[PDB]
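Trainee: Sharing a structure here in structure tokens format.
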Amino acid sequence: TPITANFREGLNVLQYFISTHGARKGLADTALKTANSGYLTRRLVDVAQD
Amino acid sequence: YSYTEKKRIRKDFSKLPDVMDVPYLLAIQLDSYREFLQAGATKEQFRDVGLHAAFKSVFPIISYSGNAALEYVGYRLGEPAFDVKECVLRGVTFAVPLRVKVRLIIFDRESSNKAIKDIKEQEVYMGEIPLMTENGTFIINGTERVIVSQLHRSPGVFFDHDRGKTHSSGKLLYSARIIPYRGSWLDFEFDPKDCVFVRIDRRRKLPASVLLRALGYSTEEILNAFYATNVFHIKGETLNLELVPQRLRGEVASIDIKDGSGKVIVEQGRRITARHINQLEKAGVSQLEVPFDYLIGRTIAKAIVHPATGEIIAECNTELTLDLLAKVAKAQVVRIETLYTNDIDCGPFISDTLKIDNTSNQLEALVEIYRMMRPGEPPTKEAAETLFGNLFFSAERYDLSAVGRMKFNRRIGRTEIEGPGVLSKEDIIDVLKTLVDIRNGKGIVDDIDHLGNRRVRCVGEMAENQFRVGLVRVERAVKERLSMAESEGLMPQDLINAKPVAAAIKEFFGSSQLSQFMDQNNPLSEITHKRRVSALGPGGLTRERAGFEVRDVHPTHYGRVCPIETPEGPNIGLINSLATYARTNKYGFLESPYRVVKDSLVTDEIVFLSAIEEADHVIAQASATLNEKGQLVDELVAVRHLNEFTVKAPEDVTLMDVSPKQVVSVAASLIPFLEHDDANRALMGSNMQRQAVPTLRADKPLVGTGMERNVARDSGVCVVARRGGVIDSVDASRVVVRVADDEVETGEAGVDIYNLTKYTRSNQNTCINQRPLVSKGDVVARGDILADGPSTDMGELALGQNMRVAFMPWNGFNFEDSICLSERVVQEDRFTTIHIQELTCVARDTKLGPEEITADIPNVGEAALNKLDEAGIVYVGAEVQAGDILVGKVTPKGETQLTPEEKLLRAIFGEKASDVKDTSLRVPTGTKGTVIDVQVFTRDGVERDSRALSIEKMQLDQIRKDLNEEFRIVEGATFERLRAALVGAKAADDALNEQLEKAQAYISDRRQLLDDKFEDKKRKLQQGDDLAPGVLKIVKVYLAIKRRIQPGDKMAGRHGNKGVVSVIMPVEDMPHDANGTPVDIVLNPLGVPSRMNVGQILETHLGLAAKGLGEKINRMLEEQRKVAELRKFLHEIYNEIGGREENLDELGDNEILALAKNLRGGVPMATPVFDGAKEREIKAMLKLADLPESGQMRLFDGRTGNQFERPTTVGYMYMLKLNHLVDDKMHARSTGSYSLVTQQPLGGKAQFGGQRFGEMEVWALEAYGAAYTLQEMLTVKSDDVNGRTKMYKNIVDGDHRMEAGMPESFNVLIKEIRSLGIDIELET
Amino acid sequence: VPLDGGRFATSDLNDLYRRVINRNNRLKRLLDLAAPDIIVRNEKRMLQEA
């Protein structure tokens, strides 16, 4: 079942709980990409210095 | 309808009726610690948690080679040392005396009742209890601290399913893990070769046959538990098979089973079907003919020993071969033993593992396990058998709590609710029986993210476990001392030691990650920190090994854990706050309230549902169609059956929510129009309200959520009247109320003194003050608000202030998130805050010469003498700035070794040489403030100086004037009640003389108590404090800094919209309307589409109607209208729109002028988090205030004067101010000090400020063609003693040149690598 | 480096050098005392572990 209402008409108590699953997963990924991208650029620059 | 609501009424748009009021927001902290104290003294002490449970487990002492038993009679709590206000200034940690009564029972070690010695001695001062305050905060060393809850795994058994990570064998759901409460854990894992393996809490691999042999079971008994036994006999056709119709279901038969006296059943190569299954029950045949080739795949269960042969021809639990039939045929064994086996279902996975290990004897397996835990140890049979039995079968080093025994019976399937703590032999084999059933396809693996498997600890559980680990250390030390000593020679008090007990309490509040500092900025941050529950700490997962399952939300978090409240950063998901209606269960789980729904109507019965029991009932939605009869009139209602969201029929509803706000937390319940914003902005909006600084002027928000009133009462900063009555006298320092004769005792009725605290230094360096809001002659009741604390206005939480806001890009000043401000926001002092800084000085004891604090110091100018007093303390109220000295501290020195350059300087001055240096405390650079208070501390036995007597005298004079004032009130009250009893004097008598004698004895009782309350207070003030060894006198001076708003400050709203002020533009450049009212804050409208927060725009439109209606009420007062006309206008506001309407219950003249003067600055509106007003109701309010319903109006520019082409949106938005001032962020340093090993610039001292040139900064310079710049900031500007000296001289002369030099970071690597024996030819 | 209160600080390397120096002098003074084989093999291991 999808979410019928939108942000203007207002969400329900149960419809707003569904949008939290995708939001928390998005906020949890931006905290991990800062460590993997910073680790990826260190291995590529150590082999292209000479 | 109380008295505090008669001043300000808040209109609410809530359309759903309230069934259950919001409980105490700190009920999880007060009731959790109350069980730890157990102040109730009855005959049967309810022992479920606390120190009383630890005094009953380790109470009996089993003395080795002796007879000494100690019986614990009980404990008694003592009176506190100091008050809550005296402990924060003296630092006594608010300790509580602990007295225990122990009984010494002696015996002759003969197991008889002869020569019994009974000594009863009660030990005093055994330990110190924290004894937290009423708000829930702990006072440790004069600093406020709190104990957050912990969310860890529940003790029990859990089954995991690996995702093919072992050997890529598809899916393996046979990972069994048992986590007990205390002691080592045993885990059962399956090898890729289909072999069971038990794993102790250590890196090792033990077979499953060794675990069964160590318990005492043989190979034949263990084989019967895995597979059932079968019967066989050799009669007729040399054999007879017992055919079971259930075992042959689903098994292909390649043999002939045509037996049955001419009745065929299954032919060769035919798969048995349900039709062939029904053929066997009607016939009832039990014996069939099977060739000897089919029995080869089977195995025996026990050893086959024929009585005629006399020797064992077949071993127990061994596969059958062709030679086994030759031995069994000649023996003619009528009875044949075998085990069950089936390739279709119930595969013998553990049967193959028993033959892999050489577990022949039970004693041989005990020494093999002890060798795995201790390699190279002595192979003793009696020594190893004692350690194994004391690991999983003894009360020592293995304790299973009551919460673990209840959970273990639910997973296994036992009917016993309560079980023993020590694991039994039946419980160890029952886990292996449930593990092999899940592998065959019977059952599923459990989930670790389910709230039914997790447990939320409390402050009372951690204090009891930390006290038990410290009590067992004092119980063990007393056992080794009392057993080797005589009962008459050793005293009962000296037998036990209080050192390990008192040390365990101090280390728990100073070395634990859970016990942390309490941030004190606004009353909203105080309640959020006490309710915040984390998953880290002792006995929990850290930030790195969490992964993604722990950092994710689960559908079982509905009404228990806030899904939207989570601190951003590295720890996302680990820390999550509780819900509003969250309540702990009896075992420790989370429970949420729900309503009882019947088939016909909805009853008013409210029950608290657990986590595991919520999967059966169908939970409906909090908001549904109601036809005023208790029955749902909707065709389809959103329900939840099993952790899923789906629409169901209205005839299947069994439960219903209590309120829509039961999902969000307290911090998230303050964001209006939350249903229109996104879940990402709701998480960031909850953090802007947490880091709010209390301003100088507190203004209530025009739009609220309704929870702003119930959040200030639960906080400890607001003064709540305990006894209702008439306010006799009110002042800015104290509030005195007179208690009525109804709710009072017989004596000392009107005795209540409320002392308001002044500006004190908080934990976050913010001012805290309380202002009175009641006048003399106003009656109050129980629960009324007499005075408000910080960020509080008449009982309502007022974090920031509000102003006129617009939405238009103004010359690019609001580029992405920047905010443009006007001049009226800084001229009216709206965001001006007050900071309180603490500066302390200590007088050490040097080995050269000991000297106390002296004001006379050498090498000082006449400018410091005028400000410094003769004692050595600056006056209270001076403008102390950078370079001014606070106290005078002399430091003795020796061996000056005056250089010839210094001798010439001392001669041109004329003054004599002084060897004493000046190391007095000064103000750091960039800090300016005003002294408001100075506190002194003197050790015991030292002489008081001229400063210790000035403050001490002023304190006792205030207490005496406060005690004499209360004595005058009770004196006149006793005489007034006495004069109102007898008749008037003109021109029985014996009863009136007794009343005069009672009045004379009444004033004598208050007088005798007056000196006792004055003598003990003078005793505490004259008693010195117990400071640390090596200090003589410690002085603390406070500085008050009034930081004004400046460009660069960080300002945000309530919907997660951060911002930095760019330029404070004058009042002429701001866009104004046709009337001439300019706006103060201009925002950026481009942030709405990406950062989807529709509630931010709906708040601006609703805020315009709140201030728009306030102008009509204030203008109506200036026209001197009748009171009957104002009551009609107020009725057109509260009784017009849908929601709560309250009126026609106040006084005509008195209450109308009181509400009109309070609502002249805006009508407060309440908008719930999920029951907000629709768009049709917002436009209806603008029509009443003669405002455009569209919410937009064309504004005139102030610079060019031309009217804008498109209409803009104006209104009033509640803004906040965050603690991100630029005074603590701006830093600059050219030259400073360096270290010794590495000549690098330092940071964190009085003068500091520098940027670390990281490795990623180096790769940015290498990407360019820059070579001289990269070498400059790496060799010359740092790590060069002789390089920086010559470089600084070249800049002053005016010659820009650089020398090569040598980096100091490289010379250290040369000397350190040469000590290892490696040669380095650096010169070459 | 001394700090406030008359106290000073010593690095962890000063303790390692002190342990190897005193054990070296205990071996430098046991070269003419006619030490048997039972102790001449253990006193060398005290220096090897340092």
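Identifiers for the structure tokens are assigned positionally: chains receive A, B, ... in sequence, residues are indexed from 1 per chain, and ligands are indexed from 1 in the order shown.
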Given a cut-off of 9 Å, which residues of chain C touch chain B, counting only C-alpha atoms, written out as a PyMOL selection string?
Mentor: chain C and resi 4-7
Trainee: Can you write out the residues you just picked, keeping C-alpha atoms, as a PDB file, in the first residue's frame?
Mentor:
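New file result.pdb:
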```pdb
ATOM      1  CA  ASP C   4      53.286  22.981  39.116  1.00  0.00           C
ATOM      2  CA  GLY C   5      53.415  21.542  42.622  1.00  0.00           C
ATOM      3  CA  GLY C   6      57.076  20.514  42.752  1.00  0.00           C
ATOM      4  CA  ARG C   7      56.364  17.385  40.693  1.00  0.00           C
TER       5      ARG C   7
END
```
Trainee: Do a neighbour search on stretch 3-15 of chain A at 7 Å with only C-alpha atoms, toss out local chain neighbours closer than 5 positions, and write the hits as a ChimeraX atom specification.
Mentor: /B:660,675-677,1094,1170
Trainee: Report the closest atom pair, with its distance in Å rounded to one decimal, for each residue of chain A that has an atom no farther than 10 Å from chain B; count only C-alpha atoms, sort by chain and then rising residue number, and write it as a tab-separated table.
Mentor:
```
residue	atom	partner	partner_atom	distance
A:1	CA	B:646	CA	6.6
A:2	CA	B:646	CA	9.7
A:6	CA	B:676	CA	8.1
A:7	CA	B:676	CA	4.8
A:8	CA	B:676	CA	6.2
A:9	CA	B:676	CA	7.7
A:10	CA	B:676	CA	5.2
A:11	CA	B:675	CA	5.1
A:12	CA	B:1170	CA	6.8
A:13	CA	B:660	CA	6.2
A:14	CA	B:621	CA	7.2
A:15	CA	B:645	CA	9.0
A:16	CA	B:675	CA	7.3
A:17	CA	B:563	CA	7.6
A:18	CA	B:645	CA	8.7
A:19	CA	B:679	CA	6.7
A:20	CA	B:679	CA	5.8
A:21	CA	B:553	CA	6.3
A:22	CA	B:679	CA	9.0
A:23	CA	B:680	CA	5.9
A:24	CA	B:552	CA	6.8
A:25	CA	B:552	CA	6.6
A:26	CA	B:680	CA	8.8
A:27	CA	B:680	CA	7.7
A:28	CA	B:572	CA	6.4
A:29	CA	B:548	CA	9.3
A:30	CA	B:569	CA	9.4
A:31	CA	B:570	CA	6.3
A:32	CA	B:570	CA	8.5
A:38	CA	B:1256	CA	9.4
A:41	CA	B:1256	CA	9.6
A:42	CA	B:1256	CA	8.8
A:45	CA	B:1259	CA	8.4
A:49	CA	B:1262	CA	9.3
```
Trainee: Emit the selected residues as a CSV table (one decimal), in the first residue's frame, including N, CA, C and O atoms.
Mentor:
```csv
chain,number,residue,atom,x,y,z
A,1,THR,N,0.8,-1.2,0.0
A,1,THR,CA,0.0,0.0,0.0
A,1,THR,C,0.9,1.3,0.0
A,1,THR,O,1.8,1.3,0.8
A,2,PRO,N,0.6,2.2,-0.9
A,2,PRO,CA,1.4,3.4,-0.9
A,2,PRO,C,0.9,4.5,0.0
A,2,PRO,O,-0.1,4.3,0.7
A,6,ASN,N,-0.1,13.9,0.6
A,6,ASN,CA,1.2,14.5,0.3
A,6,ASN,C,1.6,15.5,1.4
A,6,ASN,O,1.0,15.4,2.5
A,7,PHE,N,2.6,16.3,1.2
A,7,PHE,CA,3.1,17.2,2.3
A,7,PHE,C,2.2,18.3,2.5
A,7,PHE,O,2.1,18.9,3.7
A,8,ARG,N,1.4,18.8,1.5
A,8,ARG,CA,0.5,19.9,1.7
A,8,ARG,C,-0.7,19.5,2.5
A,8,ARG,O,-1.1,20.2,3.4
A,9,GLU,N,-1.4,18.4,2.1
A,9,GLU,CA,-2.6,18.0,2.8
A,9,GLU,C,-2.3,17.4,4.2
A,9,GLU,O,-3.2,17.4,5.0
A,10,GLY,N,-1.0,17.0,4.5
A,10,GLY,CA,-0.7,16.5,5.8
A,10,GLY,C,-0.6,15.0,5.8
A,10,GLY,O,-1.5,14.3,5.3
A,11,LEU,N,0.4,14.5,6.5
A,11,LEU,CA,0.5,13.0,6.6
A,11,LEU,C,-0.1,12.5,7.9
A,11,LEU,O,-0.3,13.3,8.8
A,12,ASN,N,-0.4,11.2,8.0
A,12,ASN,CA,-1.0,10.6,9.1
A,12,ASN,C,0.1,10.2,10.1
A,12,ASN,O,1.3,10.3,9.9
A,13,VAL,N,-0.3,9.6,11.2
A,13,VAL,CA,0.6,9.0,12.2
A,13,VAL,C,1.3,7.8,11.7
A,13,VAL,O,2.5,7.5,11.9
A,14,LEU,N,0.6,7.0,10.9
A,14,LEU,CA,1.1,5.7,10.3
A,14,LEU,C,1.8,6.0,9.0
A,14,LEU,O,2.8,5.3,8.7
A,15,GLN,N,1.4,6.9,8.2
A,15,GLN,CA,2.0,7.2,7.0
A,15,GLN,C,3.4,7.9,7.2
A,15,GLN,O,4.3,7.8,6.3
A,16,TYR,N,3.5,8.7,8.2
A,16,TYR,CA,4.8,9.4,8.5
A,16,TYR,C,5.8,8.4,9.0
A,16,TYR,O,7.0,8.6,8.9
A,17,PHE,N,5.4,7.3,9.7
A,17,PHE,CA,6.3,6.3,10.2
A,17,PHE,C,6.9,5.5,9.1
A,17,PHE,O,8.0,4.9,9.3
A,18,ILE,N,6.3,5.4,7.9
A,18,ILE,CA,6.9,4.7,6.8
A,18,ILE,C,8.0,5.5,6.2
A,18,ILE,O,9.0,4.9,5.8
A,19,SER,N,7.9,6.8,6.1
A,19,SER,CA,8.9,7.6,5.5
A,19,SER,C,10.2,7.7,6.3
A,19,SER,O,11.2,8.2,5.8
A,20,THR,N,10.1,7.2,7.6
A,20,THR,CA,11.3,7.3,8.4
A,20,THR,C,12.3,6.1,8.1
A,20,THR,O,13.5,6.3,8.3
A,21,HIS,N,11.8,5.0,7.5
A,21,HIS,CA,12.7,3.9,7.1
A,21,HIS,C,13.7,4.4,6.1
A,21,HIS,O,14.8,4.0,6.1
A,22,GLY,N,13.2,5.1,5.1
A,22,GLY,CA,14.1,5.6,4.0
A,22,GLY,C,14.9,6.8,4.4
A,22,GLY,O,16.0,7.0,3.8
A,23,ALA,N,14.4,7.6,5.4
A,23,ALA,CA,15.2,8.8,5.8
A,23,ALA,C,16.4,8.4,6.7
A,23,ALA,O,17.5,8.9,6.5
A,24,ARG,N,16.1,7.5,7.7
A,24,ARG,CA,17.2,7.2,8.6
A,24,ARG,C,18.3,6.4,7.8
A,24,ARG,O,19.5,6.5,8.1
A,25,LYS,N,17.9,5.6,6.8
A,25,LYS,CA,18.9,4.8,6.0
A,25,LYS,C,19.7,5.8,5.2
A,25,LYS,O,20.9,5.5,4.9
A,26,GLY,N,19.1,6.9,4.7
A,26,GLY,CA,19.8,7.9,4.0
A,26,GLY,C,20.8,8.7,4.9
A,26,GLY,O,21.9,9.0,4.4
A,27,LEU,N,20.4,9.0,6.1
A,27,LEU,CA,21.3,9.7,7.0
A,27,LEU,C,22.3,8.8,7.6
A,27,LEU,O,23.4,9.3,8.0
A,28,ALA,N,22.2,7.5,7.6
A,28,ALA,CA,23.2,6.6,8.0
A,28,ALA,C,24.2,6.3,7.0
A,28,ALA,O,25.4,5.9,7.3
A,29,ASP,N,23.9,6.5,5.7
A,29,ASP,CA,24.9,6.3,4.6
A,29,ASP,C,25.8,7.5,4.4
A,29,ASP,O,27.0,7.3,4.1
A,30,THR,N,25.4,8.7,4.7
A,30,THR,CA,26.2,9.9,4.5
A,30,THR,C,27.3,9.9,5.6
A,30,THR,O,28.2,10.7,5.5
A,31,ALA,N,27.1,9.1,6.7
A,31,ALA,CA,28.1,9.1,7.7
A,31,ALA,C,29.2,8.0,7.4
A,31,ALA,O,30.3,8.0,8.0
A,32,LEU,N,28.9,7.1,6.5
A,32,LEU,CA,29.8,6.0,6.1
A,32,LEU,C,30.6,6.3,4.9
A,32,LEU,O,31.7,5.9,4.7
A,38,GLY,N,37.1,8.7,1.6
A,38,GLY,CA,38.4,9.1,2.1
A,38,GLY,C,39.5,8.1,2.1
A,38,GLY,O,40.7,8.3,2.0
A,41,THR,N,40.5,7.4,-1.9
A,41,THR,CA,41.4,8.4,-2.5
A,41,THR,C,42.8,8.3,-2.0
A,41,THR,O,43.7,8.8,-2.6
A,42,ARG,N,43.0,7.6,-0.8
A,42,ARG,CA,44.3,7.4,-0.3
A,42,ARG,C,45.1,6.3,-1.0
A,42,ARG,O,46.3,6.3,-1.1
A,45,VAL,N,46.1,7.6,-4.7
A,45,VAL,CA,47.1,8.6,-4.8
A,45,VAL,C,48.5,8.1,-4.4
A,45,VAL,O,49.5,8.6,-4.8
A,49,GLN,N,52.1,8.7,-7.6
A,49,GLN,CA,52.9,9.8,-7.1
A,49,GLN,C,54.2,9.9,-8.0
A,49,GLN,O,54.6,11.0,-8.3
```
Trainee: Find the residues around residue B:49 up to 12 Å (only C-alpha atoms counted), leave out those fewer than 4 positions away in its own chain, and share them as a PDB file with N, CA and C atoms, in the first residue's frame.
Mentor:
```
ATOM      1  N   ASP B  31      11.128   6.386  39.705  1.00  0.00           N
ATOM      2  CA  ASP B  31      10.695   5.078  40.178  1.00  0.00           C
ATOM      3  C   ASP B  31      11.774   4.015  40.038  1.00  0.00           C
ATOM      4  N   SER B  32      12.746   4.217  39.146  1.00  0.00           N
ATOM      5  CA  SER B  32      13.814   3.236  38.987  1.00  0.00           C
ATOM      6  C   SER B  32      14.807   3.310  40.141  1.00  0.00           C
ATOM      7  N   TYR B  33      15.118   4.520  40.606  1.00  0.00           N
ATOM      8  CA  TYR B  33      16.045   4.681  41.717  1.00  0.00           C
ATOM      9  C   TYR B  33      15.373   4.514  43.073  1.00  0.00           C
ATOM     10  N   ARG B  34      14.048   4.659  43.142  1.00  0.00           N
ATOM     11  CA  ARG B  34      13.352   4.470  44.411  1.00  0.00           C
ATOM     12  C   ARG B  34      13.431   3.019  44.870  1.00  0.00           C
ATOM     13  N   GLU B  35      13.401   2.075  43.927  1.00  0.00           N
ATOM     14  CA  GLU B  35      13.553   0.670  44.287  1.00  0.00           C
ATOM     15  C   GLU B  35      14.967   0.366  44.766  1.00  0.00           C
ATOM     16  N   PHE B  36      15.954   1.142  44.314  1.00  0.00           N
ATOM     17  CA  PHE B  36      17.321   0.942  44.779  1.00  0.00           C
ATOM     18  C   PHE B  36      17.494   1.392  46.223  1.00  0.00           C
ATOM     19  N   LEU B  37      16.767   2.430  46.641  1.00  0.00           N
ATOM     20  CA  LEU B  37      16.866   2.904  48.016  1.00  0.00           C
ATOM     21  C   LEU B  37      15.978   2.090  48.949  1.00  0.00           C
ATOM     22  N   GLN B  38      14.707   1.918  48.580  1.00  0.00           N
ATOM     23  CA  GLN B  38      13.728   1.179  49.379  1.00  0.00           C
ATOM     24  C   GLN B  38      13.598   1.786  50.779  1.00  0.00           C
ATOM     25  N   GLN B  45      10.327  -6.772  53.649  1.00  0.00           N
ATOM     26  CA  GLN B  45      10.903  -5.819  52.708  1.00  0.00           C
ATOM     27  C   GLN B  45      10.818  -6.383  51.296  1.00  0.00           C
ATOM     28  N   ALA B  53      18.930  -6.726  47.714  1.00  0.00           N
ATOM     29  CA  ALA B  53      19.099  -8.009  47.043  1.00  0.00           C
ATOM     30  C   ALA B  53      20.531  -8.518  47.140  1.00  0.00           C
ATOM     31  N   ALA B  54      21.513  -7.613  47.153  1.00  0.00           N
ATOM     32  CA  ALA B  54      22.903  -8.036  47.275  1.00  0.00           C
ATOM     33  C   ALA B  54      23.234  -8.477  48.694  1.00  0.00           C
ATOM     34  N   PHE B  55      22.520  -7.950  49.688  1.00  0.00           N
ATOM     35  CA  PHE B  55      22.735  -8.329  51.078  1.00  0.00           C
ATOM     36  C   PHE B  55      22.088  -9.660  51.438  1.00  0.00           C
ATOM     37  N   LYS B  56      21.448 -10.334  50.480  1.00  0.00           N
ATOM     38  CA  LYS B  56      20.828 -11.628  50.725  1.00  0.00           C
ATOM     39  C   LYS B  56      21.472 -12.770  49.952  1.00  0.00           C
ATOM     40  N   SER B 401      19.909 -14.004  35.788  1.00  0.00           N
ATOM     41  CA  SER B 401      18.882 -13.184  36.410  1.00  0.00           C
ATOM     42  C   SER B 401      17.493 -13.755  36.129  1.00  0.00           C
ATOM     43  N   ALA B 402      16.502 -13.218  36.846  1.00  0.00           N
ATOM     44  CA  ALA B 402      15.124 -13.657  36.663  1.00  0.00           C
ATOM     45  C   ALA B 402      14.574 -13.280  35.294  1.00  0.00           C
ATOM     46  N   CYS B 458      18.191   0.795  33.638  1.00  0.00           N
ATOM     47  CA  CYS B 458      17.849   2.013  34.355  1.00  0.00           C
ATOM     48  C   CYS B 458      18.999   2.375  35.284  1.00  0.00           C
ATOM     49  N   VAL B 459      18.843   3.494  35.996  1.00  0.00           N
ATOM     50  CA  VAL B 459      19.876   3.932  36.925  1.00  0.00           C
ATOM     51  C   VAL B 459      19.920   3.060  38.170  1.00  0.00           C
ATOM     52  N   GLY B 460      18.822   2.376  38.497  1.00  0.00           N
ATOM     53  CA  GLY B 460      18.811   1.519  39.668  1.00  0.00           C
ATOM     54  C   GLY B 460      19.430   0.158  39.436  1.00  0.00           C
ATOM     55  N   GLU B 461      19.433  -0.313  38.188  1.00  0.00           N
ATOM     56  CA  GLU B 461      20.016  -1.616  37.889  1.00  0.00           C
ATOM     57  C   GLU B 461      21.536  -1.544  37.809  1.00  0.00           C
ATOM     58  N   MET B 462      22.072  -0.467  37.231  1.00  0.00           N
ATOM     59  CA  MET B 462      23.521  -0.326  37.133  1.00  0.00           C
ATOM     60  C   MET B 462      24.157  -0.096  38.497  1.00  0.00           C
ATOM     61  N   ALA B 463      23.465   0.614  39.391  1.00  0.00           N
ATOM     62  CA  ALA B 463      24.014   0.863  40.719  1.00  0.00           C
ATOM     63  C   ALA B 463      24.008  -0.396  41.575  1.00  0.00           C
ATOM     64  N   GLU B 464      23.066  -1.309  41.331  1.00  0.00           N
ATOM     65  CA  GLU B 464      23.024  -2.554  42.087  1.00  0.00           C
ATOM     66  C   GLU B 464      24.079  -3.546  41.615  1.00  0.00           C
ATOM     67  N   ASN B 465      24.374  -3.569  40.313  1.00  0.00           N
ATOM     68  CA  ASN B 465      25.396  -4.479  39.807  1.00  0.00           C
ATOM     69  C   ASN B 465      26.795  -3.991  40.161  1.00  0.00           C
ATOM     70  N   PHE B 467      27.476  -2.274  42.788  1.00  0.00           N
ATOM     71  CA  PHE B 467      27.613  -2.462  44.227  1.00  0.00           C
ATOM     72  C   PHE B 467      27.839  -3.924  44.587  1.00  0.00           C
ATOM     73  N   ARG B 468      27.353  -4.852  43.758  1.00  0.00           N
ATOM     74  CA  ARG B 468      27.547  -6.269  44.041  1.00  0.00           C
ATOM     75  C   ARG B 468      28.977  -6.702  43.744  1.00  0.00           C
ATOM     76  N   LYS B 586       7.720  -5.008  33.840  1.00  0.00           N
ATOM     77  CA  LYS B 586       8.194  -5.599  35.086  1.00  0.00           C
ATOM     78  C   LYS B 586       9.561  -6.249  34.904  1.00  0.00           C
ATOM     79  N   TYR B 587       9.778  -6.908  33.765  1.00  0.00           N
ATOM     80  CA  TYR B 587      11.062  -7.550  33.509  1.00  0.00           C
ATOM     81  C   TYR B 587      12.110  -6.560  33.021  1.00  0.00           C
ATOM     82  N   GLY B 588      11.688  -5.468  32.389  1.00  0.00           N
ATOM     83  CA  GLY B 588      12.620  -4.473  31.898  1.00  0.00           C
ATOM     84  C   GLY B 588      12.386  -4.090  30.451  1.00  0.00           C
TER      85      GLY B 588
END
```
Trainee: Show me, as a ChimeraX atom specification, the residues that have an atom within 12 Å of residue B:108 when counting only C-alpha atoms, minus same-chain residues fewer than 4 positions from it.
Mentor: /B:65-69,112-117,486-487
Trainee: Take the residues just selected and output them with N, CA, C and O atoms as a short mmCIF file (atom, residue, chain, number, x, y, z; two decimals), in the first residue's frame.
Mentor:
```
data_model
loop_
_atom_site.label_atom_id
_atom_site.label_comp_id
_atom_site.auth_asym_id
_atom_site.auth_seq_id
_atom_site.Cartn_x
_atom_site.Cartn_y
_atom_site.Cartn_z
N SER B 65 37.84 -24.64 55.95
CA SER B 65 38.52 -25.23 57.10
C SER B 65 38.21 -24.46 58.39
O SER B 65 39.09 -24.19 59.20
N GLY B 66 36.94 -24.11 58.56
CA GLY B 66 36.53 -23.37 59.75
C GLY B 66 35.02 -23.35 59.86
O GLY B 66 34.30 -23.85 58.99
N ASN B 67 34.55 -22.75 60.95
CA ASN B 67 33.12 -22.63 61.24
C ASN B 67 32.84 -21.19 61.66
O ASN B 67 32.91 -20.86 62.85
N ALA B 68 32.52 -20.35 60.69
CA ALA B 68 32.21 -18.94 60.94
C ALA B 68 31.11 -18.53 59.97
O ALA B 68 31.35 -18.43 58.76
N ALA B 69 29.91 -18.28 60.50
CA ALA B 69 28.76 -17.89 59.70
C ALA B 69 28.31 -16.49 60.09
O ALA B 69 28.18 -16.19 61.29
N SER B 112 26.93 -29.55 64.84
CA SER B 112 26.03 -29.75 65.97
C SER B 112 25.77 -28.40 66.63
O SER B 112 26.52 -27.44 66.46
N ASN B 113 24.68 -28.35 67.40
CA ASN B 113 24.29 -27.13 68.11
C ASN B 113 24.90 -27.14 69.51
O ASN B 113 24.23 -27.29 70.53
N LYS B 114 26.22 -26.97 69.54
CA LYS B 114 26.98 -26.94 70.78
C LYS B 114 27.99 -25.81 70.73
O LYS B 114 28.65 -25.61 69.70
N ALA B 115 28.11 -25.09 71.84
CA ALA B 115 29.03 -23.95 71.96
C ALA B 115 28.75 -22.91 70.88
O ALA B 115 29.61 -22.57 70.06
N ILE B 116 27.52 -22.40 70.88
CA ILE B 116 27.07 -21.42 69.90
C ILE B 116 27.30 -20.03 70.48
O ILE B 116 26.80 -19.70 71.56
N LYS B 117 28.05 -19.20 69.75
CA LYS B 117 28.34 -17.83 70.14
C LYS B 117 27.61 -16.89 69.19
O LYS B 117 27.81 -16.95 67.98
N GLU B 486 40.27 -16.02 65.62
CA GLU B 486 39.24 -16.39 66.58
C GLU B 486 38.13 -15.35 66.61
O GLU B 486 38.36 -14.16 66.39
N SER B 487 36.91 -15.81 66.89
CA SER B 487 35.78 -14.90 66.97
C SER B 487 35.89 -13.95 68.15
O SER B 487 35.44 -12.80 68.07
#
```
